[PDB]
file query_16.pdb (PDB, N, CA and C atoms)
ATOM      1  N   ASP N  35     -20.817 -23.509  -5.728  1.00  0.00           N
ATOM      2  CA  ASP N  35     -20.932 -22.553  -6.825  1.00  0.00           C
ATOM      3  C   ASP N  35     -19.885 -21.450  -6.699  1.00  0.00           C
ATOM      4  N   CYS N  36     -19.340 -21.303  -5.494  1.00  0.00           N
ATOM      5  CA  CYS N  36     -18.334 -20.284  -5.208  1.00  0.00           C
ATOM      6  C   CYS N  36     -17.035 -20.550  -5.963  1.00  0.00           C
ATOM      7  N   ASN N  37     -16.878 -21.778  -6.444  1.00  0.00           N
ATOM      8  CA  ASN N  37     -15.604 -22.225  -6.997  1.00  0.00           C
ATOM      9  C   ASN N  37     -15.481 -22.092  -8.515  1.00  0.00           C
ATOM     10  N   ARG N  38     -16.485 -21.502  -9.161  1.00  0.00           N
ATOM     11  CA  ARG N  38     -16.472 -21.402 -10.618  1.00  0.00           C
ATOM     12  C   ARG N  38     -15.310 -20.576 -11.149  1.00  0.00           C
ATOM     13  N   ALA N  39     -15.155 -19.371 -10.609  1.00  0.00           N
ATOM     14  CA  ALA N  39     -14.185 -18.401 -11.113  1.00  0.00           C
ATOM     15  C   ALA N  39     -12.860 -18.354 -10.341  1.00  0.00           C
ATOM     16  N   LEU N  40     -12.700 -19.249  -9.371  1.00  0.00           N
ATOM     17  CA  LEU N  40     -11.606 -19.166  -8.396  1.00  0.00           C
ATOM     18  C   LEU N  40     -10.220 -19.579  -8.900  1.00  0.00           C
ATOM     19  N   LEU N  41     -10.167 -20.338  -9.990  1.00  0.00           N
ATOM     20  CA  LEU N  41      -8.883 -20.822 -10.487  1.00  0.00           C
ATOM     21  C   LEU N  41      -8.417 -19.993 -11.676  1.00  0.00           C
ATOM     22  N   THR N  42      -7.434 -19.129 -11.438  1.00  0.00           N
ATOM     23  CA  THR N  42      -6.931 -18.220 -12.467  1.00  0.00           C
ATOM     24  C   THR N  42      -5.509 -17.765 -12.170  1.00  0.00           C
ATOM     25  N   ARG N  43      -4.831 -17.285 -13.205  1.00  0.00           N
ATOM     26  CA  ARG N  43      -3.536 -16.634 -13.053  1.00  0.00           C
ATOM     27  C   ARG N  43      -3.655 -15.210 -13.595  1.00  0.00           C
ATOM     28  N   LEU N  44      -2.704 -14.345 -13.246  1.00  0.00           N
ATOM     29  CA  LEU N  44      -2.670 -12.974 -13.768  1.00  0.00           C
ATOM     30  C   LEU N  44      -2.261 -12.948 -15.248  1.00  0.00           C
ATOM     31  N   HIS N  45      -3.087 -12.340 -16.096  1.00  0.00           N
ATOM     32  CA  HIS N  45      -2.829 -12.368 -17.537  1.00  0.00           C
ATOM     33  C   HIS N  45      -2.057 -11.156 -18.074  1.00  0.00           C
ATOM     34  N   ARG N  46      -1.688 -10.220 -17.202  1.00  0.00           N
ATOM     35  CA  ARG N  46      -0.877  -9.087 -17.641  1.00  0.00           C
ATOM     36  C   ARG N  46       0.546  -9.566 -17.954  1.00  0.00           C
ATOM     37  N   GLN N  47       1.065  -9.115 -19.097  1.00  0.00           N
ATOM     38  CA  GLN N  47       2.278  -9.661 -19.714  1.00  0.00           C
ATOM     39  C   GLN N  47       3.509  -9.732 -18.800  1.00  0.00           C
ATOM     40  N   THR N  48       3.781  -8.666 -18.051  1.00  0.00           N
ATOM     41  CA  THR N  48       4.928  -8.655 -17.135  1.00  0.00           C
ATOM     42  C   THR N  48       4.550  -8.105 -15.754  1.00  0.00           C
ATOM     43  N   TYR N  49       4.715  -8.935 -14.721  1.00  0.00           N
ATOM     44  CA  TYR N  49       4.280  -8.605 -13.356  1.00  0.00           C
ATOM     45  C   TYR N  49       5.223  -9.181 -12.276  1.00  0.00           C
ATOM     46  N   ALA N  50       5.097  -8.692 -11.037  1.00  0.00           N
ATOM     47  CA  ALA N  50       5.996  -9.084  -9.934  1.00  0.00           C
ATOM     48  C   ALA N  50       5.688 -10.487  -9.403  1.00  0.00           C
ATOM     49  N   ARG N  51       6.465 -10.972  -8.434  1.00  0.00           N
ATOM     50  CA  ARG N  51       6.160 -12.284  -7.866  1.00  0.00           C
ATOM     51  C   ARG N  51       4.964 -12.175  -6.938  1.00  0.00           C
ATOM     52  N   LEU N  52       3.940 -12.966  -7.232  1.00  0.00           N
ATOM     53  CA  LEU N  52       2.701 -12.930  -6.475  1.00  0.00           C
ATOM     54  C   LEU N  52       2.711 -14.008  -5.391  1.00  0.00           C
ATOM     55  N   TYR N  53       2.439 -13.615  -4.149  1.00  0.00           N
ATOM     56  CA  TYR N  53       2.457 -14.586  -3.057  1.00  0.00           C
ATOM     57  C   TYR N  53       1.117 -14.641  -2.333  1.00  0.00           C
ATOM     58  N   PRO N  54       0.668 -15.861  -1.979  1.00  0.00           N
ATOM     59  CA  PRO N  54      -0.567 -15.969  -1.201  1.00  0.00           C
ATOM     60  C   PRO N  54      -0.408 -15.314   0.163  1.00  0.00           C
ATOM     61  N   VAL N  55      -1.333 -14.424   0.493  1.00  0.00           N
ATOM     62  CA  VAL N  55      -1.344 -13.788   1.800  1.00  0.00           C
ATOM     63  C   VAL N  55      -2.745 -13.979   2.373  1.00  0.00           C
ATOM     64  N   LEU N  56      -2.849 -14.109   3.689  1.00  0.00           N
ATOM     65  CA  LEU N  56      -4.161 -14.127   4.317  1.00  0.00           C
ATOM     66  C   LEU N  56      -4.415 -12.786   4.992  1.00  0.00           C
ATOM     67  N   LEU N  57      -5.447 -12.088   4.532  1.00  0.00           N
ATOM     68  CA  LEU N  57      -5.833 -10.815   5.124  1.00  0.00           C
ATOM     69  C   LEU N  57      -7.003 -10.982   6.079  1.00  0.00           C
ATOM     70  N   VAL N  58      -6.901 -10.351   7.246  1.00  0.00           N
ATOM     71  CA  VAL N  58      -8.037 -10.252   8.152  1.00  0.00           C
ATOM     72  C   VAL N  58      -8.385  -8.781   8.374  1.00  0.00           C
ATOM     73  N   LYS N  59      -9.522  -8.347   7.837  1.00  0.00           N
ATOM     74  CA  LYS N  59     -10.031  -7.008   8.120  1.00  0.00           C
ATOM     75  C   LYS N  59     -10.669  -7.057   9.504  1.00  0.00           C
ATOM     76  N   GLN N  60     -11.364  -6.001   9.923  1.00  0.00           N
ATOM     77  CA  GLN N  60     -11.994  -6.092  11.233  1.00  0.00           C
ATOM     78  C   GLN N  60     -13.409  -6.631  11.074  1.00  0.00           C
ATOM     79  N   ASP N  61     -13.487  -7.953  11.177  1.00  0.00           N
ATOM     80  CA  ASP N  61     -14.716  -8.734  11.146  1.00  0.00           C
ATOM     81  C   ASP N  61     -14.543  -9.960  12.050  1.00  0.00           C
ATOM     82  N   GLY N  62     -13.485 -10.702  11.724  1.00  0.00           N
ATOM     83  CA  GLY N  62     -13.359 -12.123  11.968  1.00  0.00           C
ATOM     84  C   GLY N  62     -13.357 -12.784  10.596  1.00  0.00           C
ATOM     85  N   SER N  63     -13.607 -11.976   9.564  1.00  0.00           N
ATOM     86  CA  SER N  63     -13.565 -12.433   8.172  1.00  0.00           C
ATOM     87  C   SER N  63     -12.145 -12.390   7.611  1.00  0.00           C
ATOM     88  N   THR N  64     -11.795 -13.408   6.824  1.00  0.00           N
ATOM     89  CA  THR N  64     -10.492 -13.462   6.166  1.00  0.00           C
ATOM     90  C   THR N  64     -10.615 -13.684   4.655  1.00  0.00           C
ATOM     91  N   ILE N  65      -9.709 -13.059   3.909  1.00  0.00           N
ATOM     92  CA  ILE N  65      -9.674 -13.177   2.458  1.00  0.00           C
ATOM     93  C   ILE N  65      -8.288 -13.635   2.010  1.00  0.00           C
ATOM     94  N   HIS N  66      -8.232 -14.462   0.970  1.00  0.00           N
ATOM     95  CA  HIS N  66      -6.961 -14.747   0.328  1.00  0.00           C
ATOM     96  C   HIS N  66      -6.634 -13.592  -0.607  1.00  0.00           C
ATOM     97  N   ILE N  67      -5.540 -12.904  -0.304  1.00  0.00           N
ATOM     98  CA  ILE N  67      -5.095 -11.767  -1.095  1.00  0.00           C
ATOM     99  C   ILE N  67      -3.729 -12.053  -1.689  1.00  0.00           C
ATOM    100  N   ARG N  68      -3.642 -11.965  -3.007  1.00  0.00           N
ATOM    101  CA  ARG N  68      -2.372 -12.178  -3.662  1.00  0.00           C
ATOM    102  C   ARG N  68      -1.597 -10.867  -3.653  1.00  0.00           C
ATOM    103  N   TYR N  69      -0.475 -10.858  -2.936  1.00  0.00           N
ATOM    104  CA  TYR N  69       0.333  -9.650  -2.785  1.00  0.00           C
ATOM    105  C   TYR N  69       1.826  -9.986  -2.819  1.00  0.00           C
ATOM    106  N   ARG N  70       2.654  -8.978  -3.090  1.00  0.00           N
ATOM    107  CA  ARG N  70       4.072  -9.208  -3.341  1.00  0.00           C
ATOM    108  C   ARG N  70       4.921  -9.381  -2.084  1.00  0.00           C
ATOM    109  N   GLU N  71       4.364  -9.102  -0.910  1.00  0.00           N
ATOM    110  CA  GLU N  71       5.072  -9.465   0.310  1.00  0.00           C
ATOM    111  C   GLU N  71       4.679 -10.885   0.705  1.00  0.00           C
ATOM    112  N   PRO N  72       5.672 -11.788   0.756  1.00  0.00           N
ATOM    113  CA  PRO N  72       5.516 -13.219   1.046  1.00  0.00           C
ATOM    114  C   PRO N  72       4.865 -13.531   2.395  1.00  0.00           C
ATOM    115  N   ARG N  73       4.795 -12.553   3.301  1.00  0.00           N
ATOM    116  CA  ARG N  73       4.288 -12.782   4.659  1.00  0.00           C
ATOM    117  C   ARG N  73       2.940 -13.496   4.653  1.00  0.00           C
ATOM    118  N   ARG N  74       2.810 -14.533   5.474  1.00  0.00           N
ATOM    119  CA  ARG N  74       1.643 -15.400   5.369  1.00  0.00           C
ATOM    120  C   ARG N  74       0.364 -14.726   5.846  1.00  0.00           C
ATOM    121  N   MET N  75       0.496 -13.622   6.577  1.00  0.00           N
ATOM    122  CA  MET N  75      -0.689 -12.965   7.119  1.00  0.00           C
ATOM    123  C   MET N  75      -0.529 -11.462   7.355  1.00  0.00           C
ATOM    124  N   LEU N  76      -1.631 -10.734   7.169  1.00  0.00           N
ATOM    125  CA  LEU N  76      -1.760  -9.346   7.616  1.00  0.00           C
ATOM    126  C   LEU N  76      -3.162  -9.131   8.186  1.00  0.00           C
ATOM    127  N   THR N  77      -3.244  -8.602   9.403  1.00  0.00           N
ATOM    128  CA  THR N  77      -4.546  -8.324  10.006  1.00  0.00           C
ATOM    129  C   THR N  77      -4.804  -6.813  10.079  1.00  0.00           C
ATOM    130  N   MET N  78      -5.978  -6.396   9.605  1.00  0.00           N
ATOM    131  CA  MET N  78      -6.352  -4.981   9.566  1.00  0.00           C
ATOM    132  C   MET N  78      -7.160  -4.558  10.789  1.00  0.00           C
ATOM    133  N   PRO N  79      -6.764  -3.441  11.429  1.00  0.00           N
ATOM    134  CA  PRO N  79      -7.474  -2.864  12.581  1.00  0.00           C
ATOM    135  C   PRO N  79      -8.789  -2.181  12.201  1.00  0.00           C
TER     136      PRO N  79
END

call {"tool": "encode", "arguments": {"input": "query_16.pdb", "output": "structure tokens"}}
result
Amino acid sequence: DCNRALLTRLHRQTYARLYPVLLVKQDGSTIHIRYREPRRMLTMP
């Protein structure tokens, strides 16, 4: 059921290049975050 809303693109008329990034906050939890820095990962302290 988690997959209902997951497939989408940004609908704002003009925007920057969006790159998949993997974010790790301080959990052990990770989120897919679309951000303009191509770097494959960022981990939060």

call {"tool": "resolve_selection", "arguments": {"input": "query_16.pdb", "expression": "the PyMOL selection byres ((chain N and resi 59) around 7)", "output": "JSON list (two decimals) with N, CA and C atoms, keeping the file's coordinate frame"}}
result
[["chain", "number", "residue", "atom", "x", "y", "z"],
["N", 57, "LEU", "N", -5.45, -12.09, 4.53],
["N", 57, "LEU", "CA", -5.83, -10.82, 5.12],
["N", 57, "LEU", "C", -7.00, -10.98, 6.08],
["N", 58, "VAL", "N", -6.90, -10.35, 7.25],
["N", 58, "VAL", "CA", -8.04, -10.25, 8.15],
["N", 58, "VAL", "C", -8.38, -8.78, 8.37],
["N", 60, "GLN", "N", -11.36, -6.00, 9.92],
["N", 60, "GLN", "CA", -11.99, -6.09, 11.23],
["N", 60, "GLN", "C", -13.41, -6.63, 11.07],
["N", 61, "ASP", "N", -13.49, -7.95, 11.18],
["N", 61, "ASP", "CA", -14.72, -8.73, 11.15],
["N", 61, "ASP", "C", -14.54, -9.96, 12.05],
["N", 62, "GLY", "N", -13.48, -10.70, 11.72],
["N", 62, "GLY", "CA", -13.36, -12.12, 11.97],
["N", 62, "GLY", "C", -13.36, -12.78, 10.60],
["N", 63, "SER", "N", -13.61, -11.98, 9.56],
["N", 63, "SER", "CA", -13.56, -12.43, 8.17],
["N", 63, "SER", "C", -12.14, -12.39, 7.61],
["N", 64, "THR", "N", -11.80, -13.41, 6.82],
["N", 64, "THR", "CA", -10.49, -13.46, 6.17],
["N", 64, "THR", "C", -10.62, -13.68, 4.66],
["N", 65, "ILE", "N", -9.71, -13.06, 3.91],
["N", 65, "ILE", "CA", -9.67, -13.18, 2.46],
["N", 65, "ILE", "C", -8.29, -13.64, 2.01],
["N", 76, "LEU", "N", -1.63, -10.73, 7.17],
["N", 76, "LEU", "CA", -1.76, -9.35, 7.62],
["N", 76, "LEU", "C", -3.16, -9.13, 8.19],
["N", 77, "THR", "N", -3.24, -8.60, 9.40],
["N", 77, "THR", "CA", -4.55, -8.32, 10.01],
["N", 77, "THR", "C", -4.80, -6.81, 10.08],
["N", 78, "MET", "N", -5.98, -6.40, 9.60],
["N", 78, "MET", "CA", -6.35, -4.98, 9.57],
["N", 78, "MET", "C", -7.16, -4.56, 10.79],
["N", 79, "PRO", "N", -6.76, -3.44, 11.43],
["N", 79, "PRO", "CA", -7.47, -2.86, 12.58],
["N", 79, "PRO", "C", -8.79, -2.18, 12.20]]

call {"tool": "select_by_dssp", "arguments": {"input": "query_16.pdb", "residues": "chain N", "states": "strand (DSSP E)", "output": "compact mmCIF listing (two decimals) with N, CA and C atoms, in the frame of the given file"}}
result
# COMPACT_ATOMS: atom_id res chain seq x y z
N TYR N 53 2.44 -13.62 -4.15
CA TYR N 53 2.46 -14.59 -3.06
C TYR N 53 1.12 -14.64 -2.33
N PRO N 54 0.67 -15.86 -1.98
CA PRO N 54 -0.57 -15.97 -1.20
C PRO N 54 -0.41 -15.31 0.16
N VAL N 55 -1.33 -14.42 0.49
CA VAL N 55 -1.34 -13.79 1.80
C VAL N 55 -2.74 -13.98 2.37
N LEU N 56 -2.85 -14.11 3.69
CA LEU N 56 -4.16 -14.13 4.32
C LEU N 56 -4.42 -12.79 4.99
N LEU N 57 -5.45 -12.09 4.53
CA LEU N 57 -5.83 -10.82 5.12
C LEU N 57 -7.00 -10.98 6.08
N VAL N 58 -6.90 -10.35 7.25
CA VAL N 58 -8.04 -10.25 8.15
C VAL N 58 -8.38 -8.78 8.37
N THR N 64 -11.80 -13.41 6.82
CA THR N 64 -10.49 -13.46 6.17
C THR N 64 -10.62 -13.68 4.66
N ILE N 65 -9.71 -13.06 3.91
CA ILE N 65 -9.67 -13.18 2.46
C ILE N 65 -8.29 -13.64 2.01
N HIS N 66 -8.23 -14.46 0.97
CA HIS N 66 -6.96 -14.75 0.33
C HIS N 66 -6.63 -13.59 -0.61
N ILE N 67 -5.54 -12.90 -0.30
CA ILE N 67 -5.10 -11.77 -1.10
C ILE N 67 -3.73 -12.05 -1.69
N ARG N 68 -3.64 -11.96 -3.01
CA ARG N 68 -2.37 -12.18 -3.66
C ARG N 68 -1.60 -10.87 -3.65
N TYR N 69 -0.48 -10.86 -2.94
CA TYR N 69 0.33 -9.65 -2.78
C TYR N 69 1.83 -9.99 -2.82
N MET N 75 0.50 -13.62 6.58
CA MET N 75 -0.69 -12.96 7.12
C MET N 75 -0.53 -11.46 7.36
N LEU N 76 -1.63 -10.73 7.17
CA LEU N 76 -1.76 -9.35 7.62
C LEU N 76 -3.16 -9.13 8.19
N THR N 77 -3.24 -8.60 9.40
CA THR N 77 -4.55 -8.32 10.01
C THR N 77 -4.80 -6.81 10.08

call {"tool": "residues_around", "arguments": {"input": "query_16.pdb", "residues": "residue 66 of chain N", "least_positions_apart": "6", "cutoff": "8 Å", "atoms": "only C-alpha atoms", "output": "PyMOL selection string"}}
result
chain N and resi 54-57

call {"tool": "atom_distance", "arguments": {"input": "query_16.pdb", "atom1": "atom CA of residue 72 of chain N", "atom2": "atom CA of residue 41 of chain N"}}
result
20.0 Å

call {"tool": "residues_around", "arguments": {"input": "query_16.pdb", "residues": "residue 52 of chain N", "least_positions_apart": "3", "cutoff": "6 Å", "atoms": "only C-alpha atoms", "output": "ChimeraX atom specification"}}
result
/N:68-70

call {"tool": "atom_distance", "arguments": {"input": "query_16.pdb", "atom1": "atom CA of residue 47 of chain N", "atom2": "atom CA of residue 35 of chain N"}}
result
29.5 Å

call {"tool": "atom_distance", "arguments": {"input": "query_16.pdb", "atom1": "atom CA of residue 37 of chain N", "atom2": "atom CA of residue 71 of chain N"}}
result
25.4 Å

call {"tool": "decode", "arguments": {"input": "query_16.pdb", "residues": "segment 56-78 of chain N", "atoms": "N, CA and C atoms", "output": "PDB file, in the first residue's frame"}}
result
ATOM      1  N   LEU N  56      20.440   9.458  -1.263  1.00  0.00           N
ATOM      2  CA  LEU N  56      20.015   8.704  -0.093  1.00  0.00           C
ATOM      3  C   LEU N  56      20.422   9.458   1.165  1.00  0.00           C
ATOM      4  N   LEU N  57      19.427   9.848   1.957  1.00  0.00           N
ATOM      5  CA  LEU N  57      19.680  10.529   3.219  1.00  0.00           C
ATOM      6  C   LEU N  57      19.583   9.571   4.394  1.00  0.00           C
ATOM      7  N   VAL N  58      20.549   9.662   5.305  1.00  0.00           N
ATOM      8  CA  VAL N  58      20.454   8.959   6.577  1.00  0.00           C
ATOM      9  C   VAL N  58      20.471   9.970   7.721  1.00  0.00           C
ATOM     10  N   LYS N  59      19.335  10.132   8.394  1.00  0.00           N
ATOM     11  CA  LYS N  59      19.280  10.949   9.602  1.00  0.00           C
ATOM     12  C   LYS N  59      19.865  10.111  10.735  1.00  0.00           C
ATOM     13  N   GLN N  60      19.767  10.568  11.982  1.00  0.00           N
ATOM     14  CA  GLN N  60      20.301   9.727  13.046  1.00  0.00           C
ATOM     15  C   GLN N  60      19.197   8.819  13.570  1.00  0.00           C
ATOM     16  N   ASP N  61      19.141   7.643  12.954  1.00  0.00           N
ATOM     17  CA  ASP N  61      18.243   6.550  13.298  1.00  0.00           C
ATOM     18  C   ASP N  61      18.952   5.221  13.009  1.00  0.00           C
ATOM     19  N   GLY N  62      19.380   5.124  11.752  1.00  0.00           N
ATOM     20  CA  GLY N  62      19.560   3.882  11.028  1.00  0.00           C
ATOM     21  C   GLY N  62      18.512   3.887   9.923  1.00  0.00           C
ATOM     22  N   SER N  63      17.633   4.890   9.964  1.00  0.00           N
ATOM     23  CA  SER N  63      16.610   5.089   8.934  1.00  0.00           C
ATOM     24  C   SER N  63      17.158   5.876   7.745  1.00  0.00           C
ATOM     25  N   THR N  64      16.754   5.473   6.540  1.00  0.00           N
ATOM     26  CA  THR N  64      17.145   6.176   5.320  1.00  0.00           C
ATOM     27  C   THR N  64      15.936   6.558   4.459  1.00  0.00           C
ATOM     28  N   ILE N  65      16.037   7.717   3.816  1.00  0.00           N
ATOM     29  CA  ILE N  65      14.986   8.221   2.942  1.00  0.00           C
ATOM     30  C   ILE N  65      15.563   8.531   1.564  1.00  0.00           C
ATOM     31  N   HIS N  66      14.787   8.282   0.513  1.00  0.00           N
ATOM     32  CA  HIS N  66      15.155   8.774  -0.803  1.00  0.00           C
ATOM     33  C   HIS N  66      14.756  10.239  -0.889  1.00  0.00           C
ATOM     34  N   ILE N  67      15.758  11.094  -1.049  1.00  0.00           N
ATOM     35  CA  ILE N  67      15.545  12.531  -1.143  1.00  0.00           C
ATOM     36  C   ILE N  67      16.012  13.036  -2.494  1.00  0.00           C
ATOM     37  N   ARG N  68      15.107  13.677  -3.216  1.00  0.00           N
ATOM     38  CA  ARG N  68      15.468  14.233  -4.500  1.00  0.00           C
ATOM     39  C   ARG N  68      16.076  15.612  -4.275  1.00  0.00           C
ATOM     40  N   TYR N  69      17.362  15.742  -4.600  1.00  0.00           N
ATOM     41  CA  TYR N  69      18.089  16.989  -4.376  1.00  0.00           C
ATOM     42  C   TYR N  69      19.051  17.271  -5.533  1.00  0.00           C
ATOM     43  N   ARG N  70      19.471  18.530  -5.660  1.00  0.00           N
ATOM     44  CA  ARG N  70      20.229  18.962  -6.828  1.00  0.00           C
ATOM     45  C   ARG N  70      21.716  18.620  -6.784  1.00  0.00           C
ATOM     46  N   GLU N  71      22.221  18.171  -5.640  1.00  0.00           N
ATOM     47  CA  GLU N  71      23.575  17.633  -5.629  1.00  0.00           C
ATOM     48  C   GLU N  71      23.515  16.141  -5.937  1.00  0.00           C
ATOM     49  N   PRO N  72      24.169  15.731  -7.037  1.00  0.00           N
ATOM     50  CA  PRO N  72      24.191  14.359  -7.561  1.00  0.00           C
ATOM     51  C   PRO N  72      24.726  13.311  -6.583  1.00  0.00           C
ATOM     52  N   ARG N  73      25.404  13.735  -5.514  1.00  0.00           N
ATOM     53  CA  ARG N  73      26.047  12.805  -4.578  1.00  0.00           C
ATOM     54  C   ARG N  73      25.090  11.714  -4.109  1.00  0.00           C
ATOM     55  N   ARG N  74      25.545  10.465  -4.146  1.00  0.00           N
ATOM     56  CA  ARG N  74      24.628   9.352  -3.930  1.00  0.00           C
ATOM     57  C   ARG N  74      24.157   9.250  -2.486  1.00  0.00           C
ATOM     58  N   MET N  75      24.850   9.925  -1.572  1.00  0.00           N
ATOM     59  CA  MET N  75      24.488   9.818  -0.162  1.00  0.00           C
ATOM     60  C   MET N  75      24.860  11.038   0.683  1.00  0.00           C
ATOM     61  N   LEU N  76      24.024  11.316   1.684  1.00  0.00           N
ATOM     62  CA  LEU N  76      24.348  12.247   2.765  1.00  0.00           C
ATOM     63  C   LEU N  76      23.835  11.679   4.088  1.00  0.00           C
ATOM     64  N   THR N  77      24.707  11.597   5.089  1.00  0.00           N
ATOM     65  CA  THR N  77      24.289  11.105   6.400  1.00  0.00           C
ATOM     66  C   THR N  77      24.260  12.244   7.428  1.00  0.00           C
ATOM     67  N   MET N  78      23.144  12.352   8.149  1.00  0.00           N
ATOM     68  CA  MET N  78      22.947  13.413   9.139  1.00  0.00           C
ATOM     69  C   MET N  78      23.328  12.972  10.549  1.00  0.00           C
TER      70      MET N  78
END
